[PDB]
Every structure is written in structure tokens, then in C-alpha cells.
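Participant: Quick one, start-v5.cif (mmCIF, N, CA and C atoms):
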data_entry
#
loop_
_atom_site.label_atom_id
_atom_site.label_comp_id
_atom_site.auth_asym_id
_atom_site.auth_seq_id
_atom_site.Cartn_x
_atom_site.Cartn_y
_atom_site.Cartn_z
N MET A 1 130.37 10.84 124.55
CA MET A 1 130.66 11.03 123.10
C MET A 1 129.54 10.41 122.27
N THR A 2 128.37 10.99 122.30
CA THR A 2 127.22 10.45 121.51
C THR A 2 126.63 9.23 122.24
N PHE A 3 125.85 8.43 121.56
CA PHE A 3 125.24 7.24 122.21
C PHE A 3 126.12 6.00 121.99
N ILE A 4 127.38 6.09 122.31
CA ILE A 4 128.28 4.92 122.13
C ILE A 4 129.48 5.04 123.08
N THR A 5 130.64 4.62 122.65
CA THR A 5 131.87 4.69 123.51
C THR A 5 131.96 3.42 124.37
N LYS A 6 130.84 2.86 124.74
CA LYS A 6 130.88 1.62 125.57
C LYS A 6 130.86 0.40 124.64
N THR A 7 131.58 0.47 123.55
CA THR A 7 131.61 -0.67 122.59
C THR A 7 131.66 -2.00 123.36
N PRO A 8 131.09 -3.02 122.75
CA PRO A 8 131.05 -4.37 123.33
C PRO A 8 132.41 -5.06 123.15
N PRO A 9 132.52 -6.24 123.72
CA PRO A 9 133.76 -7.04 123.63
C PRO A 9 133.88 -7.70 122.26
N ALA A 10 135.08 -7.93 121.80
CA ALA A 10 135.26 -8.56 120.46
C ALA A 10 134.87 -10.04 120.54
N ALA A 11 134.53 -10.52 121.70
CA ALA A 11 134.13 -11.95 121.83
C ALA A 11 132.63 -12.09 121.61
N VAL A 12 131.91 -10.99 121.62
CA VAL A 12 130.44 -11.06 121.41
C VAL A 12 130.11 -10.62 119.98
N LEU A 13 130.91 -9.75 119.41
CA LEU A 13 130.64 -9.29 118.02
C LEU A 13 131.36 -10.21 117.03
N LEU A 14 132.57 -10.59 117.33
CA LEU A 14 133.32 -11.49 116.41
C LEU A 14 132.54 -12.80 116.25
N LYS A 15 132.31 -13.50 117.33
CA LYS A 15 131.55 -14.78 117.24
C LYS A 15 130.27 -14.55 116.43
N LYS A 16 129.80 -13.33 116.39
CA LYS A 16 128.56 -13.04 115.62
C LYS A 16 128.77 -13.40 114.15
N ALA A 17 129.84 -12.94 113.56
CA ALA A 17 130.10 -13.26 112.13
C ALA A 17 129.93 -14.76 111.90
N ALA A 18 130.82 -15.55 112.43
CA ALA A 18 130.72 -17.03 112.24
C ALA A 18 129.27 -17.47 112.45
N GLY A 19 128.73 -17.26 113.62
CA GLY A 19 127.32 -17.67 113.88
C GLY A 19 127.26 -18.52 115.15
N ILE A 20 128.01 -18.16 116.15
CA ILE A 20 127.98 -18.95 117.42
C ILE A 20 127.38 -18.10 118.54
N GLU A 21 126.19 -17.60 118.35
CA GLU A 21 125.55 -16.77 119.40
C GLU A 21 124.84 -17.67 120.40
N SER A 22 125.48 -18.73 120.82
CA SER A 22 124.83 -19.65 121.80
C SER A 22 123.56 -20.24 121.18
N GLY A 23 123.69 -20.94 120.09
CA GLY A 23 122.49 -21.54 119.44
C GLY A 23 121.59 -22.17 120.50
N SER A 24 122.10 -23.13 121.23
CA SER A 24 121.27 -23.78 122.28
C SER A 24 122.06 -24.92 122.93
N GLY A 25 122.93 -25.55 122.18
CA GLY A 25 123.73 -26.67 122.75
C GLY A 25 123.79 -27.82 121.75
N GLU A 26 124.52 -27.65 120.68
CA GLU A 26 124.62 -28.73 119.67
C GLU A 26 126.09 -28.97 119.30
N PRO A 27 126.85 -29.42 120.26
CA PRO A 27 128.29 -29.70 120.08
C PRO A 27 128.48 -31.07 119.41
N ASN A 28 127.69 -31.39 118.42
CA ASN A 28 127.83 -32.71 117.74
C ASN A 28 129.31 -33.02 117.52
N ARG A 29 129.84 -32.66 116.39
CA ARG A 29 131.28 -32.94 116.11
C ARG A 29 131.81 -31.94 115.09
N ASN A 30 133.10 -31.71 115.08
CA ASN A 30 133.67 -30.75 114.10
C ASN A 30 133.01 -29.38 114.29
N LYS A 31 133.21 -28.48 113.36
CA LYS A 31 132.59 -27.13 113.49
C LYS A 31 133.28 -26.36 114.62
N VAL A 32 134.36 -25.69 114.32
CA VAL A 32 135.07 -24.92 115.38
C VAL A 32 134.87 -23.42 115.13
N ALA A 33 133.72 -23.04 114.65
CA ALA A 33 133.46 -21.59 114.39
C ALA A 33 134.65 -20.99 113.62
N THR A 34 134.67 -21.15 112.33
CA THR A 34 135.79 -20.58 111.53
C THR A 34 135.42 -19.18 111.05
N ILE A 35 136.26 -18.21 111.29
CA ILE A 35 135.95 -16.83 110.84
C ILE A 35 137.01 -16.36 109.84
N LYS A 36 136.65 -16.28 108.58
CA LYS A 36 137.64 -15.83 107.56
C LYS A 36 138.39 -14.60 108.09
N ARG A 37 139.49 -14.27 107.48
CA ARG A 37 140.26 -13.08 107.94
C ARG A 37 139.67 -11.82 107.29
N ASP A 38 139.23 -11.93 106.07
CA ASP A 38 138.64 -10.75 105.38
C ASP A 38 137.37 -10.32 106.11
N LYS A 39 136.87 -11.14 107.00
CA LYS A 39 135.64 -10.78 107.74
C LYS A 39 136.00 -10.39 109.17
N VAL A 40 136.69 -11.24 109.88
CA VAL A 40 137.07 -10.91 111.28
C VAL A 40 137.70 -9.51 111.32
N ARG A 41 138.64 -9.25 110.45
CA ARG A 41 139.29 -7.92 110.43
C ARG A 41 138.23 -6.84 110.17
N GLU A 42 137.36 -7.07 109.23
CA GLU A 42 136.31 -6.06 108.93
C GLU A 42 135.68 -5.58 110.25
N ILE A 43 135.26 -6.50 111.08
CA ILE A 43 134.65 -6.10 112.37
C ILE A 43 135.64 -5.23 113.15
N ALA A 44 136.88 -5.62 113.20
CA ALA A 44 137.89 -4.81 113.94
C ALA A 44 137.94 -3.40 113.35
N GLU A 45 137.62 -3.26 112.09
CA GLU A 45 137.65 -1.91 111.46
C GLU A 45 136.48 -1.07 112.00
N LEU A 46 135.34 -1.68 112.16
CA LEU A 46 134.17 -0.92 112.69
C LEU A 46 134.47 -0.42 114.10
N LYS A 47 135.17 -1.20 114.88
CA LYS A 47 135.50 -0.78 116.27
C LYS A 47 136.94 -0.27 116.31
N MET A 48 137.51 0.03 115.17
CA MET A 48 138.91 0.53 115.15
C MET A 48 139.04 1.77 116.04
N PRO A 49 138.19 2.73 115.81
CA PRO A 49 138.19 3.99 116.58
C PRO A 49 137.53 3.78 117.94
N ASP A 50 137.02 2.61 118.19
CA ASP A 50 136.37 2.34 119.50
C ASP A 50 137.29 1.46 120.36
N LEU A 51 138.32 0.91 119.77
CA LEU A 51 139.25 0.05 120.54
C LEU A 51 140.49 0.86 120.92
N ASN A 52 140.64 2.03 120.38
CA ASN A 52 141.83 2.87 120.71
C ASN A 52 143.06 2.29 120.01
N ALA A 53 142.90 1.77 118.82
CA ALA A 53 144.06 1.19 118.09
C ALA A 53 144.60 2.22 117.10
N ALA A 54 145.87 2.17 116.82
CA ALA A 54 146.46 3.15 115.86
C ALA A 54 146.24 2.65 114.43
N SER A 55 146.19 1.36 114.24
CA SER A 55 145.97 0.82 112.87
C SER A 55 145.37 -0.59 112.96
N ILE A 56 145.13 -1.22 111.84
CA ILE A 56 144.54 -2.58 111.87
C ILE A 56 145.48 -3.52 112.63
N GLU A 57 146.75 -3.49 112.32
CA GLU A 57 147.71 -4.38 113.03
C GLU A 57 147.41 -4.35 114.53
N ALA A 58 146.87 -3.27 115.01
CA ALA A 58 146.55 -3.18 116.46
C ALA A 58 145.12 -3.67 116.70
N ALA A 59 144.23 -3.41 115.78
CA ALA A 59 142.82 -3.88 115.95
C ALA A 59 142.73 -5.37 115.62
N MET A 60 142.92 -5.72 114.38
CA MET A 60 142.85 -7.16 113.99
C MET A 60 143.60 -8.00 115.02
N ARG A 61 144.57 -7.43 115.68
CA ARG A 61 145.34 -8.20 116.69
C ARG A 61 144.39 -8.65 117.80
N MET A 62 143.65 -7.74 118.36
CA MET A 62 142.70 -8.12 119.45
C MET A 62 141.62 -9.04 118.87
N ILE A 63 141.41 -8.98 117.59
CA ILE A 63 140.37 -9.85 116.96
C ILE A 63 140.92 -11.27 116.79
N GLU A 64 142.21 -11.41 116.65
CA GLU A 64 142.79 -12.77 116.49
C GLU A 64 142.95 -13.42 117.87
N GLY A 65 143.41 -12.68 118.83
CA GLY A 65 143.59 -13.25 120.20
C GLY A 65 142.23 -13.34 120.89
N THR A 66 141.32 -12.47 120.54
CA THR A 66 139.97 -12.51 121.17
C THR A 66 139.08 -13.48 120.40
N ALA A 67 139.31 -13.63 119.12
CA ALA A 67 138.47 -14.56 118.32
C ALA A 67 139.12 -15.95 118.33
N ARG A 68 140.04 -16.18 119.23
CA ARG A 68 140.71 -17.51 119.30
C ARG A 68 140.62 -18.05 120.72
N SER A 69 140.79 -17.20 121.70
CA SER A 69 140.71 -17.68 123.12
C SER A 69 139.31 -18.22 123.40
N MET A 70 138.37 -17.95 122.54
CA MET A 70 136.98 -18.45 122.76
C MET A 70 136.81 -19.80 122.06
N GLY A 71 137.60 -20.07 121.06
CA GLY A 71 137.48 -21.37 120.34
C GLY A 71 137.32 -21.12 118.85
N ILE A 72 137.07 -19.89 118.47
CA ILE A 72 136.90 -19.58 117.02
C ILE A 72 138.27 -19.45 116.36
N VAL A 73 138.37 -19.80 115.10
CA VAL A 73 139.69 -19.68 114.41
C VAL A 73 139.61 -18.56 113.37
N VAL A 74 140.65 -18.35 112.62
CA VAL A 74 140.62 -17.26 111.60
C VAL A 74 141.35 -17.73 110.33
N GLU A 75 140.72 -17.63 109.20
CA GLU A 75 141.38 -18.07 107.93
C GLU A 75 142.05 -16.88 107.26
N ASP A 76 143.32 -16.69 107.50
CA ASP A 76 144.04 -15.54 106.88
C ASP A 76 143.64 -15.42 105.41
#
Please render this file's structure as C-alpha cells.

Facilitator:
Amino acid sequence: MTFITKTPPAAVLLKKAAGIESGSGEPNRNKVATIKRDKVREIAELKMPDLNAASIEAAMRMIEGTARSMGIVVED
């Protein structure tokens, strides 16, 4: 289906928003990669038709469980 269909994982694109692309190793203190909700969901919208979800409730869902099991949070 064109040059796509193999969309990436929401753990590599979501963390992108916040800015945790493996900087190098600076776990000083605090800083838990916070991803606003108006942004995390936005990404789920771009892959909405690539995740096979019927609506955001189905997409943003994988973005909350996928953007949390890694350590990132979400500000509703």
C-alpha cells in the first residue's frame, strides 16, 4: 500500500515529542519525559489509519499505555 504500512512503534515516535531519543545518558534527577495530551494524541492521529483503530479512543489508548510503559507520562 504505497511506501508505508510498516508504521513504527508508538514507543519510538511518541518519545520523539517529549525529546527522549536516547540523548546519551544523563539521568541526573527529575525529568520523567512528560508528554502533554494535546500532543501525544496528535501523534496517534497521524498513525490512526496505520494502527487499525476505529477512533481516537482506540488510538490515543495505545499512546497512553505505550507512552507510559516506557517511563513517559501524559498531561491530559

Participant: Which residue is closest to residue 41 (chain A)? Choose from A:69, A:19, A:25, A:75 and count only C-alpha atoms.

Facilitator: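 The closest residue to residue 41 (chain A) is A:75.
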
Participant: What does the structure give for the distance between CA of residue 18 (chain A) and atom C of residue 68 (chain A), in Å to one decimal?

Facilitator: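 Atom-to-atom, CA of residue 18 (chain A) to atom C of residue 68 (chain A), that is 13.1 Å.
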
Participant: Report the distance between CA of residue 17 (chain A) and atom C of residue 39 (chain A) in Å, rounded to one decimal place.

Facilitator: 7.2 Å

Participant: From the list A:66, A:30, A:7, A:24, which residue is nearest residue 47 (chain A) when using only C-alpha atoms?

Facilitator: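 Of the candidates, the smallest distance to residue 47 (chain A) is held by A:7.
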
Participant: Any idea what's packed within 6 Å of residue 73 (chain A), counting only N, CA and C atoms, ignoring anything in its chain fewer than 3 positions away? Could you give it as a list in words?

Facilitator: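 My list of contacting residues is residues 32, 33, 34, 35, 67 and 68 of chain A.
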
Participant: Any chance you can output those residues with N, CA and C atoms as a compact mmCIF listing (two decimals), in the frame of the given file?

Facilitator:
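Result saved to again02.txt:
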# COMPACT_ATOMS: atom_id res chain seq x y z
N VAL A 32 134.36 -25.69 114.32
CA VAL A 32 135.07 -24.92 115.38
C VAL A 32 134.87 -23.42 115.13
N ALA A 33 133.72 -23.04 114.65
CA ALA A 33 133.46 -21.59 114.39
C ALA A 33 134.65 -20.99 113.62
N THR A 34 134.67 -21.15 112.33
CA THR A 34 135.79 -20.58 111.53
C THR A 34 135.42 -19.18 111.05
N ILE A 35 136.26 -18.21 111.29
CA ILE A 35 135.95 -16.83 110.84
C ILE A 35 137.01 -16.36 109.84
N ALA A 67 139.31 -13.63 119.12
CA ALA A 67 138.47 -14.56 118.32
C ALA A 67 139.12 -15.95 118.33
N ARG A 68 140.04 -16.18 119.23
CA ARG A 68 140.71 -17.51 119.30
C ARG A 68 140.62 -18.05 120.72

Participant: Could you state which residues are captured by the PyMOL selection byres (((chain A and resi 76 and name CA) around 9) and name CA) in this file, as a PDB file with N, CA and C atoms, in the frame of the given file?

Facilitator:
ATOM      1  N   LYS A  36     136.650 -16.280 108.580  1.00  0.00           N
ATOM      2  CA  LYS A  36     137.640 -15.830 107.560  1.00  0.00           C
ATOM      3  C   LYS A  36     138.390 -14.600 108.090  1.00  0.00           C
ATOM      4  N   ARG A  37     139.490 -14.270 107.480  1.00  0.00           N
ATOM      5  CA  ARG A  37     140.260 -13.080 107.940  1.00  0.00           C
ATOM      6  C   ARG A  37     139.670 -11.820 107.290  1.00  0.00           C
ATOM      7  N   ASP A  38     139.230 -11.930 106.070  1.00  0.00           N
ATOM      8  CA  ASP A  38     138.640 -10.750 105.380  1.00  0.00           C
ATOM      9  C   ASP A  38     137.370 -10.320 106.110  1.00  0.00           C
ATOM     10  N   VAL A  74     140.650 -18.350 112.620  1.00  0.00           N
ATOM     11  CA  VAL A  74     140.620 -17.260 111.600  1.00  0.00           C
ATOM     12  C   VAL A  74     141.350 -17.730 110.330  1.00  0.00           C
ATOM     13  N   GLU A  75     140.720 -17.630 109.200  1.00  0.00           N
ATOM     14  CA  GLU A  75     141.380 -18.070 107.930  1.00  0.00           C
ATOM     15  C   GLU A  75     142.050 -16.880 107.260  1.00  0.00           C
TER      16      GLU A  75
END

Participant: For residue 5 (chain A), which of A:45, A:50, A:57, A:64 is the closest residue, counting only C-alpha atoms?

Facilitator: A:50

Participant: Do you have the atom N of residue 55 (chain A)-atom N of residue 71 (chain A) distance handy?

Facilitator: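 Separating atom N of residue 55 (chain A) from atom N of residue 71 (chain A) is a distance of 24.1 Å.
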
Participant: Among chain A, which residues does DSSP mark as helix (DSSP H, G or I) when it is run on the backbone? Keep the chain and numbering as in the structure and answer as a PyMOL selection string.

Facilitator: chain A and resi 10-18+37-46+48-51+56-66

Participant: Which of these, A:62, A:22, A:29, A:3, has the shortest distance to residue 43 (chain A) once you count only C-alpha atoms?

Facilitator: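 Using only C-alpha atoms, residue 43 (chain A) sits closest to A:62.
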
Participant: From a DSSP pass on the backbone, collect the residues of chain A flagged as strand (DSSP E) and hand them back as a ChimeraX atom specification.

Facilitator: /A:34-36,73-75

Participant: For the structure provided, state which residues fall under the PyMOL selection byres ((chain A and resi 11) around 8), and present them as a PyMOL selection string.

Facilitator: chain A and resi 8-10+12-16+62-63+66-68+70

Participant: Box along x, y and z, 3 Å on every side, all listed atoms of region 26-41 of chain A inside: centre and edge lengths in Å to one decimal, as JSON.

Facilitator:
{"center_x": 132.4, "center_y": -19.9, "center_z": 113.0, "size_x": 21.7, "size_y": 32.2, "size_z": 21.3}

Participant: Please rebuild region 2-15 of chain A with N, CA, C and O atoms and return the result as a PDB file, in the frame of the given file.

Facilitator:
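So out26.pdb came out as:
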ATOM      1  N   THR A   2     128.370  10.990 122.300  1.00  0.00           N
ATOM      2  CA  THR A   2     127.220  10.450 121.510  1.00  0.00           C
ATOM      3  C   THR A   2     126.630   9.230 122.240  1.00  0.00           C
ATOM      4  O   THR A   2     126.871   9.019 123.411  1.00  0.00           O
ATOM      5  N   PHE A   3     125.850   8.430 121.560  1.00  0.00           N
ATOM      6  CA  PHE A   3     125.240   7.240 122.210  1.00  0.00           C
ATOM      7  C   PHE A   3     126.120   6.000 121.990  1.00  0.00           C
ATOM      8  O   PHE A   3     125.654   4.977 121.544  1.00  0.00           O
ATOM      9  N   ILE A   4     127.380   6.090 122.310  1.00  0.00           N
ATOM     10  CA  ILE A   4     128.280   4.920 122.130  1.00  0.00           C
ATOM     11  C   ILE A   4     129.480   5.040 123.080  1.00  0.00           C
ATOM     12  O   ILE A   4     129.334   5.487 124.199  1.00  0.00           O
ATOM     13  N   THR A   5     130.640   4.620 122.650  1.00  0.00           N
ATOM     14  CA  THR A   5     131.870   4.690 123.510  1.00  0.00           C
ATOM     15  C   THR A   5     131.960   3.420 124.370  1.00  0.00           C
ATOM     16  O   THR A   5     133.035   2.960 124.692  1.00  0.00           O
ATOM     17  N   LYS A   6     130.840   2.860 124.740  1.00  0.00           N
ATOM     18  CA  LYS A   6     130.880   1.620 125.570  1.00  0.00           C
ATOM     19  C   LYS A   6     130.860   0.400 124.640  1.00  0.00           C
ATOM     20  O   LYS A   6     130.182  -0.575 124.893  1.00  0.00           O
ATOM     21  N   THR A   7     131.580   0.470 123.550  1.00  0.00           N
ATOM     22  CA  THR A   7     131.610  -0.670 122.590  1.00  0.00           C
ATOM     23  C   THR A   7     131.660  -2.000 123.360  1.00  0.00           C
ATOM     24  O   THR A   7     132.193  -2.069 124.443  1.00  0.00           O
ATOM     25  N   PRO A   8     131.090  -3.020 122.750  1.00  0.00           N
ATOM     26  CA  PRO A   8     131.050  -4.370 123.330  1.00  0.00           C
ATOM     27  C   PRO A   8     132.410  -5.060 123.150  1.00  0.00           C
ATOM     28  O   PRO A   8     133.295  -4.532 122.519  1.00  0.00           O
ATOM     29  N   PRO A   9     132.520  -6.240 123.720  1.00  0.00           N
ATOM     30  CA  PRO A   9     133.760  -7.040 123.630  1.00  0.00           C
ATOM     31  C   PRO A   9     133.880  -7.700 122.260  1.00  0.00           C
ATOM     32  O   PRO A   9     132.892  -7.993 121.608  1.00  0.00           O
ATOM     33  N   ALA A  10     135.080  -7.930 121.800  1.00  0.00           N
ATOM     34  CA  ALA A  10     135.260  -8.560 120.460  1.00  0.00           C
ATOM     35  C   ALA A  10     134.870 -10.040 120.540  1.00  0.00           C
ATOM     36  O   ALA A  10     134.877 -10.744 119.545  1.00  0.00           O
ATOM     37  N   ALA A  11     134.530 -10.520 121.700  1.00  0.00           N
ATOM     38  CA  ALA A  11     134.130 -11.950 121.830  1.00  0.00           C
ATOM     39  C   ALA A  11     132.630 -12.090 121.610  1.00  0.00           C
ATOM     40  O   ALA A  11     132.108 -13.172 121.430  1.00  0.00           O
ATOM     41  N   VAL A  12     131.910 -10.990 121.620  1.00  0.00           N
ATOM     42  CA  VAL A  12     130.440 -11.060 121.410  1.00  0.00           C
ATOM     43  C   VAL A  12     130.110 -10.620 119.980  1.00  0.00           C
ATOM     44  O   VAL A  12     129.144 -11.058 119.390  1.00  0.00           O
ATOM     45  N   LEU A  13     130.910  -9.750 119.410  1.00  0.00           N
ATOM     46  CA  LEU A  13     130.640  -9.290 118.020  1.00  0.00           C
ATOM     47  C   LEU A  13     131.360 -10.210 117.030  1.00  0.00           C
ATOM     48  O   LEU A  13     130.823 -10.582 116.010  1.00  0.00           O
ATOM     49  N   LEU A  14     132.570 -10.590 117.330  1.00  0.00           N
ATOM     50  CA  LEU A  14     133.320 -11.490 116.410  1.00  0.00           C
ATOM     51  C   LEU A  14     132.540 -12.800 116.250  1.00  0.00           C
ATOM     52  O   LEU A  14     132.156 -13.173 115.161  1.00  0.00           O
ATOM     53  N   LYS A  15     132.310 -13.500 117.330  1.00  0.00           N
ATOM     54  CA  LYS A  15     131.550 -14.780 117.240  1.00  0.00           C
ATOM     55  C   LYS A  15     130.270 -14.550 116.430  1.00  0.00           C
ATOM     56  O   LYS A  15     129.713 -15.462 115.858  1.00  0.00           O
TER      57      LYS A  15
END
